Amino acid sequence: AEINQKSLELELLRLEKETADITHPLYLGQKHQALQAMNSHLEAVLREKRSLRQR
Amino acid sequence: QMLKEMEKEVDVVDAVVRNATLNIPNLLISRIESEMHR
């Protein structure tokens, strides 16, 4: 019985590790940040379109 | 991968995006006197 419990635990942990890059909050959070930085930059570029065109 | 490759360009773009007493100098006087007829 004890072996069976630990075996299940192991199986569960293995499944979680294999799918962490797309599922875990930590990794997903990093991707969000990178995307927000670029958004802001593009907003700025669009706001100064006239000046940039003139240049 | 696309966001990482565009970092340098973003930087360049960001760089762009971000009582009347008159003393007339002798040099100009000399010029005006030499061309005074004109």
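Sequence lines, in order, name chains E and F. Residues 57 to 111 in the authors' numbering are what the first sequence lists, from first letter to last. Residues 246 to 263, 275 to 294 in the authors' numbering are what the second sequence lists, from first letter to last. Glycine included, each C-beta is placed from N, C-alpha and C at the ideal position.
Asked, Found
"Delimiting residues of the alpha helix (DSSP H) encompassing F/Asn279", "From DSSP, F/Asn279 is part of no alpha helix (DSSP H); its letter is neither H nor E."
"Minimum Cβ-Cβ distance from E/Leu84 to chain F less than 8 Å", "no"
"DSSP state of E/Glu99 mapped onto helix, strand, coil", "helix"
"Interface flag, F/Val258 vs chain E, CB-CB below 8 Å", "yes"
"Chain F contact for E/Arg111 (CB, 8 Å cutoff)", "yes"
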